[PDB]
>>> print(open('data_0.cif').read())   # mmCIF, C-alpha atoms and all ligand atoms
data_coords
#
loop_
_atom_site.group_PDB
_atom_site.id
_atom_site.type_symbol
_atom_site.label_atom_id
_atom_site.label_comp_id
_atom_site.auth_asym_id
_atom_site.auth_seq_id
_atom_site.Cartn_x
_atom_site.Cartn_y
_atom_site.Cartn_z
ATOM 1 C CA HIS A 1 99.759 104.717 94.347
ATOM 2 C CA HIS A 2 100.457 107.642 91.904
ATOM 3 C CA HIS A 3 102.682 109.795 94.296
ATOM 4 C CA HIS A 4 105.929 109.184 92.253
ATOM 5 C CA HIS A 5 105.639 112.672 90.526
ATOM 6 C CA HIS A 6 106.185 114.436 93.968
ATOM 7 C CA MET A 7 109.671 112.790 94.068
ATOM 8 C CA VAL A 8 112.289 114.911 95.972
ATOM 9 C CA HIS A 9 116.093 114.370 96.010
ATOM 10 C CA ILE A 10 116.973 113.716 99.677
ATOM 11 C CA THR A 11 120.553 113.952 101.028
ATOM 12 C CA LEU A 12 121.778 113.090 104.534
ATOM 13 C CA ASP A 13 122.962 115.791 106.992
ATOM 14 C CA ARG A 14 126.386 114.609 108.395
ATOM 15 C CA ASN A 15 126.119 117.079 111.316
ATOM 16 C CA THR A 16 123.003 115.307 112.739
ATOM 17 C CA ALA A 17 124.478 111.776 112.470
ATOM 18 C CA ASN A 18 125.356 109.591 115.425
ATOM 19 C CA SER A 19 129.178 109.582 115.650
ATOM 20 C CA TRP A 20 129.402 105.874 114.599
ATOM 21 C CA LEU A 21 127.620 106.411 111.250
ATOM 22 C CA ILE A 22 129.413 106.426 107.881
ATOM 23 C CA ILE A 23 127.683 108.540 105.206
ATOM 24 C CA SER A 24 128.778 108.100 101.588
ATOM 25 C CA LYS A 25 130.418 110.922 99.557
ATOM 26 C CA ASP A 26 127.139 111.524 97.624
ATOM 27 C CA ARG A 27 125.254 111.806 100.998
ATOM 28 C CA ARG A 28 122.749 109.148 99.714
ATOM 29 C CA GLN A 29 123.862 106.079 101.782
ATOM 30 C CA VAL A 30 124.475 105.495 105.499
ATOM 31 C CA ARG A 31 125.681 102.485 107.500
ATOM 32 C CA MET A 32 126.777 101.615 111.049
ATOM 33 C CA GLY A 33 130.567 101.722 111.544
ATOM 34 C CA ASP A 34 132.300 99.204 113.854
ATOM 35 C CA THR A 35 133.706 102.194 115.943
ATOM 36 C CA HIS A 36 133.499 106.026 116.535
ATOM 37 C CA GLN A 37 134.064 107.756 113.143
ATOM 38 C CA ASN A 38 136.481 110.436 114.517
ATOM 39 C CA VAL A 39 134.079 113.446 114.330
ATOM 40 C CA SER A 40 133.639 116.214 116.986
ATOM 41 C CA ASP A 41 130.458 116.151 119.111
ATOM 42 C CA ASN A 42 127.749 118.819 118.611
ATOM 43 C CA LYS A 43 124.240 119.519 119.918
ATOM 44 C CA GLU A 44 122.581 118.204 116.661
ATOM 45 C CA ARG A 45 123.984 114.611 116.851
ATOM 46 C CA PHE A 46 121.684 111.777 117.965
ATOM 47 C CA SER A 47 123.708 110.403 120.946
ATOM 48 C CA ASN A 48 121.916 107.136 121.988
ATOM 49 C CA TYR A 49 120.855 105.540 118.663
ATOM 50 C CA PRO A 50 122.263 105.158 115.100
ATOM 51 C CA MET A 51 120.041 107.955 113.697
ATOM 52 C CA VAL A 52 120.535 110.739 111.111
ATOM 53 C CA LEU A 53 118.316 113.373 109.434
ATOM 54 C CA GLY A 54 117.928 114.434 105.848
ATOM 55 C CA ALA A 55 119.204 117.951 105.078
ATOM 56 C CA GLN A 56 115.896 119.008 103.470
ATOM 57 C CA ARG A 57 113.221 120.805 105.581
ATOM 58 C CA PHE A 58 109.544 120.645 104.466
ATOM 59 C CA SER A 59 106.840 123.111 105.699
ATOM 60 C CA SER A 60 104.279 122.773 102.800
ATOM 61 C CA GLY A 61 103.303 120.621 99.786
ATOM 62 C CA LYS A 62 103.582 116.986 98.828
ATOM 63 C CA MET A 63 106.919 115.081 98.956
ATOM 64 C CA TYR A 64 107.855 111.463 98.046
ATOM 65 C CA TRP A 65 111.120 109.525 98.347
ATOM 66 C CA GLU A 66 112.281 105.854 98.426
ATOM 67 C CA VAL A 67 114.715 103.996 100.691
ATOM 68 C CA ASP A 68 116.492 100.653 100.073
ATOM 69 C CA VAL A 69 116.469 98.351 103.171
ATOM 70 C CA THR A 70 117.806 95.175 101.441
ATOM 71 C CA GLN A 71 119.081 92.462 103.878
ATOM 72 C CA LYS A 72 118.706 94.580 107.044
ATOM 73 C CA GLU A 73 117.325 93.013 110.250
ATOM 74 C CA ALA A 74 116.403 96.306 111.988
ATOM 75 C CA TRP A 75 115.769 99.980 110.963
ATOM 76 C CA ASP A 76 113.389 102.917 111.528
ATOM 77 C CA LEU A 77 112.192 105.216 108.667
ATOM 78 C CA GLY A 78 109.913 108.200 108.277
ATOM 79 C CA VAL A 79 109.850 111.952 109.102
ATOM 80 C CA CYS A 80 110.240 113.992 112.241
ATOM 81 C CA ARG A 81 110.003 117.565 113.483
ATOM 82 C CA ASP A 82 113.191 119.588 113.077
ATOM 83 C CA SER A 83 113.069 120.180 116.914
ATOM 84 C CA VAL A 84 113.014 116.507 118.092
ATOM 85 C CA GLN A 85 115.171 115.588 121.105
ATOM 86 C CA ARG A 86 118.725 114.480 120.071
ATOM 87 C CA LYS A 87 120.284 113.455 123.447
ATOM 88 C CA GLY A 88 119.359 110.610 125.786
ATOM 89 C CA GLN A 89 116.545 108.053 125.655
ATOM 90 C CA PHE A 90 113.173 108.646 123.942
ATOM 91 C CA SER A 91 110.405 106.672 122.163
ATOM 92 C CA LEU A 92 109.440 107.145 118.501
ATOM 93 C CA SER A 93 105.864 108.549 118.705
ATOM 94 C CA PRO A 94 103.870 111.424 117.242
ATOM 95 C CA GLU A 95 103.779 112.978 120.777
ATOM 96 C CA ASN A 96 107.627 113.185 120.579
ATOM 97 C CA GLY A 97 107.563 114.525 116.964
ATOM 98 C CA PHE A 98 108.140 111.319 114.913
ATOM 99 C CA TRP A 99 106.014 109.639 112.165
ATOM 100 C CA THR A 100 107.844 106.347 111.551
ATOM 101 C CA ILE A 101 107.634 102.571 110.849
ATOM 102 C CA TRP A 102 110.270 99.977 111.711
ATOM 103 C CA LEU A 103 111.496 96.433 111.383
ATOM 104 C CA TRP A 104 112.572 94.688 114.615
ATOM 105 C CA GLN A 105 112.880 90.947 115.430
ATOM 106 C CA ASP A 106 111.101 89.743 112.276
ATOM 107 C CA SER A 107 108.018 92.039 112.743
ATOM 108 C CA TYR A 108 107.064 95.410 111.171
ATOM 109 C CA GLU A 109 105.360 98.056 113.404
ATOM 110 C CA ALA A 110 104.193 101.680 113.076
ATOM 111 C CA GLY A 111 105.572 104.108 115.707
ATOM 112 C CA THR A 112 102.245 104.992 117.340
ATOM 113 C CA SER A 113 101.963 105.058 121.170
ATOM 114 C CA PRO A 114 101.594 102.234 121.811
ATOM 115 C CA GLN A 115 103.047 100.712 118.591
ATOM 116 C CA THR A 116 100.786 99.214 115.896
ATOM 117 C CA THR A 117 101.353 95.812 114.223
ATOM 118 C CA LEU A 118 101.779 96.037 110.406
ATOM 119 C CA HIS A 119 100.541 93.253 108.044
ATOM 120 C CA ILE A 120 103.190 92.761 105.332
ATOM 121 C CA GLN A 121 103.007 89.515 103.211
ATOM 122 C CA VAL A 122 106.059 90.439 100.994
ATOM 123 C CA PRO A 123 109.069 91.654 103.097
ATOM 124 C CA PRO A 124 110.054 94.969 101.453
ATOM 125 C CA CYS A 125 113.489 95.618 99.908
ATOM 126 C CA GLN A 126 112.497 99.296 99.173
ATOM 127 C CA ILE A 127 110.032 101.570 101.085
ATOM 128 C CA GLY A 128 108.267 104.629 99.613
ATOM 129 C CA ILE A 129 107.480 107.560 101.975
ATOM 130 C CA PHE A 130 104.810 110.140 101.077
ATOM 131 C CA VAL A 131 104.175 113.357 103.062
ATOM 132 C CA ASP A 132 101.228 115.705 102.451
ATOM 133 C CA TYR A 133 101.954 118.661 104.760
ATOM 134 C CA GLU A 134 98.610 120.467 104.348
ATOM 135 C CA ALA A 135 96.521 117.258 104.687
ATOM 136 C CA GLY A 136 98.489 116.084 107.781
ATOM 137 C CA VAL A 137 99.356 112.682 106.175
ATOM 138 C CA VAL A 138 102.430 110.414 106.216
ATOM 139 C CA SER A 139 102.081 107.181 104.181
ATOM 140 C CA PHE A 140 104.400 104.202 103.615
ATOM 141 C CA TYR A 141 104.417 101.989 100.508
ATOM 142 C CA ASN A 142 105.929 98.521 99.730
ATOM 143 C CA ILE A 143 107.842 99.142 96.431
ATOM 144 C CA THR A 144 108.756 95.365 96.245
ATOM 145 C CA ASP A 145 104.963 94.514 96.272
ATOM 146 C CA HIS A 146 103.854 96.856 93.392
ATOM 147 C CA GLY A 147 103.558 99.870 95.753
ATOM 148 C CA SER A 148 100.994 98.314 98.158
ATOM 149 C CA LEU A 149 100.067 100.454 101.214
ATOM 150 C CA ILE A 150 101.879 99.638 104.485
ATOM 151 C CA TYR A 151 100.569 102.374 106.827
ATOM 152 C CA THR A 152 98.955 105.874 106.852
ATOM 153 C CA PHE A 153 99.325 108.342 109.754
ATOM 154 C CA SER A 154 96.448 110.785 109.359
ATOM 155 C CA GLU A 155 95.368 113.836 111.426
ATOM 156 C CA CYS A 156 99.090 114.438 111.945
ATOM 157 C CA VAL A 157 99.973 117.526 114.053
ATOM 158 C CA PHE A 158 103.456 118.295 112.580
ATOM 159 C CA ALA A 159 103.764 121.542 114.625
ATOM 160 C CA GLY A 160 106.969 122.563 112.762
ATOM 161 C CA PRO A 161 109.184 121.957 109.766
ATOM 162 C CA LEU A 162 109.691 118.258 108.928
ATOM 163 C CA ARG A 163 112.944 116.419 108.148
ATOM 164 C CA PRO A 164 113.432 112.934 106.610
ATOM 165 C CA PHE A 165 114.368 110.540 109.483
ATOM 166 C CA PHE A 166 116.560 107.376 109.376
ATOM 167 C CA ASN A 167 117.816 104.775 111.901
ATOM 168 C CA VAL A 168 120.204 102.098 110.487
ATOM 169 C CA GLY A 169 119.829 100.094 113.754
ATOM 170 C CA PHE A 170 122.454 98.454 115.939
ATOM 171 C CA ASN A 171 124.489 95.515 114.700
ATOM 172 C CA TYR A 172 124.814 93.332 117.861
ATOM 173 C CA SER A 173 123.915 90.241 115.734
ATOM 174 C CA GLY A 174 126.480 90.709 112.919
ATOM 175 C CA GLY A 175 123.466 90.438 110.525
ATOM 176 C CA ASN A 176 122.526 94.162 110.314
ATOM 177 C CA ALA A 177 125.633 95.861 108.782
ATOM 178 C CA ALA A 178 123.966 96.700 105.444
ATOM 179 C CA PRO A 179 123.291 100.374 104.604
ATOM 180 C CA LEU A 180 120.125 102.411 104.128
ATOM 181 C CA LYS A 181 120.293 103.875 100.585
ATOM 182 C CA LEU A 182 118.246 106.692 99.048
ATOM 183 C CA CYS A 183 117.033 105.267 95.676
ATOM 184 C CA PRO A 184 117.278 107.278 92.442
ATOM 185 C CA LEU A 185 114.264 109.120 90.919
HETATM 186 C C1 LIG B 201 99.096 110.624 113.857
HETATM 187 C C2 LIG B 201 98.260 111.581 114.638
HETATM 188 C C3 LIG B 201 99.083 112.516 115.500
HETATM 189 O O1 LIG B 201 99.903 113.302 115.025
HETATM 190 N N1 LIG B 201 98.828 112.448 116.843
HETATM 191 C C4 LIG B 201 99.504 113.157 117.824
HETATM 192 N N2 LIG B 201 99.385 112.868 119.093
HETATM 193 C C5 LIG B 201 99.863 113.928 119.859
HETATM 194 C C6 LIG B 201 99.433 114.060 121.286
HETATM 195 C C7 LIG B 201 100.665 114.764 119.187
HETATM 196 S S1 LIG B 201 100.568 114.481 117.490
#
>>> encode(input="data_0.cif", output="structure tokens", more="lines below")
Ligand SMILES: CCC(=O)Nc1nc(C)cs1
Amino acid sequence: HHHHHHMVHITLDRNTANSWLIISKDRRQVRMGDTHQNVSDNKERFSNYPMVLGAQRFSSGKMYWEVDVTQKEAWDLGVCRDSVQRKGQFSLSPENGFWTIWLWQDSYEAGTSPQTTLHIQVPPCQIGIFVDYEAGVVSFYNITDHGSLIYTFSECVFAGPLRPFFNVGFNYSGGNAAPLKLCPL
């Protein structure tokens, strides 16, 4: 792909984070803590899952960023509407305002309803995410495999401003403590 020139500097929004997440000083890394991180509750925080939003809101144009997923066993990445549900249980689907892929139990899937199997020969250490607001496109790229395409959501109905979306995943196994990191431009 040749989307690199639409690169945007994403930072994480502390106020949206699940209360167990630890966001770095530079707001570019997030990991699961082993306990509640001693923050007050608010209506923005994802309550049920280890999720956080980027601070940036996008309503037009083309945007590209990269995320490091090295040594994680489970995670979700993509974009979502600014008005997604924060409290209780929900599925990741375009009907609910999410355009995402994930790793779970040694398989990669796109968050369609129902979910779609992805075909990845080279397990990615870094994922590229491309959004074309006007075209209604969200695409995912395998940076470890020379930028190969992972998945394209097309005919997207965003229906609002978009925010970068992250889930570091639970760490029941002791094998998923590693952070998600926003990679430099
Ligand atoms: C990826 C295409 C898409 O956005 N489909 C949607 N389904 C509904 C029903 C809302 S958005």
>>> residues_around(input="data_0.cif", residues="segment 111-114 of chain A", least_positions_apart="3", cutoff="10 Å", atoms="all atoms listed in the file", output="number ranges by chain")
A: 76-78, 91-96, 98-102, 108, 117, 153
>>> write_last_selection(input="data_0.cif", atoms="C-alpha atoms", output="compact mmCIF listing (two decimals), in the frame of the given file")
# COMPACT_ATOMS: atom_id res chain seq x y z
CA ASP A 76 113.39 102.92 111.53
CA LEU A 77 112.19 105.22 108.67
CA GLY A 78 109.91 108.20 108.28
CA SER A 91 110.40 106.67 122.16
CA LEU A 92 109.44 107.14 118.50
CA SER A 93 105.86 108.55 118.70
CA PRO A 94 103.87 111.42 117.24
CA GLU A 95 103.78 112.98 120.78
CA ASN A 96 107.63 113.18 120.58
CA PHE A 98 108.14 111.32 114.91
CA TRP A 99 106.01 109.64 112.16
CA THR A 100 107.84 106.35 111.55
CA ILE A 101 107.63 102.57 110.85
CA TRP A 102 110.27 99.98 111.71
CA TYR A 108 107.06 95.41 111.17
CA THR A 117 101.35 95.81 114.22
CA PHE A 153 99.32 108.34 109.75
>>> residues_near_point(input="data_0.cif", point="(124.2, 108.7, 102.0)", cutoff="7 Å", atoms="all atoms listed in the file", output="count of residues only")
11
>>> residues_around(input="data_0.cif", residues="segment 46-53 of chain A", least_positions_apart="2", cutoff="10 Å", atoms="only C-alpha atoms", output="VMD selection string")
chain A and resid 10 to 21 23 30 to 33 41 to 44 55 to 57 75 to 80 82 84 to 90 162 to 171
>>> closest_residue(input="data_0.cif", among="A:161, A:123, A:97, A:175", to="ligand LIG 201 (chain B)", atoms="all atoms listed in the file")
A:97
>>> atom_distance(input="data_0.cif", atom1="atom CA of residue 61 of chain A", atom2="atom CA of residue 148 of chain A")
22.5 Å
>>> resolve_selection(input="data_0.cif", expression="the PyMOL selection byres (((chain A and resi 131) around 9) and not hetatm)", output="tab-separated table (two decimals) with C-alpha atoms, keeping the file's coordinate frame")
chain	number	residue	atom	x	y	z
A	61	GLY	CA	103.30	120.62	99.79
A	62	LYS	CA	103.58	116.99	98.83
A	63	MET	CA	106.92	115.08	98.96
A	64	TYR	CA	107.86	111.46	98.05
A	79	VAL	CA	109.85	111.95	109.10
A	129	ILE	CA	107.48	107.56	101.98
A	130	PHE	CA	104.81	110.14	101.08
A	132	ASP	CA	101.23	115.70	102.45
A	133	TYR	CA	101.95	118.66	104.76
A	135	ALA	CA	96.52	117.26	104.69
A	136	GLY	CA	98.49	116.08	107.78
A	137	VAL	CA	99.36	112.68	106.18
A	138	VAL	CA	102.43	110.41	106.22
A	139	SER	CA	102.08	107.18	104.18
>>> closest_residue(input="data_0.cif", among="A:54, A:147, A:124, A:160", to="residue 2 of chain A", atoms="all atoms listed in the file")
A:147
>>> atom_distance(input="data_0.cif", atom1="atom CA of residue 177 of chain A", atom2="atom CA of residue 143 of chain A")
21.9 Å
>>> atom_distance(input="data_0.cif", atom1="atom CA of residue 58 of chain A", atom2="atom CA of residue 125 of chain A")
25.7 Å
>>> axis_aligned_box(input="data_0.cif", around="ligand LIG 201 (chain B)", padding_each_side="4 Å", output="AutoDock Vina command-line options")
--center_x 99.5 --center_y 112.7 --center_z 117.6 --size_x 10.4 --size_y 12.1 --size_z 15.4
>>> closest_residue(input="data_0.cif", among="A:110, A:185, A:127, A:122", to="ligand LIG 201 (chain B)", atoms="all atoms listed in the file")
A:110
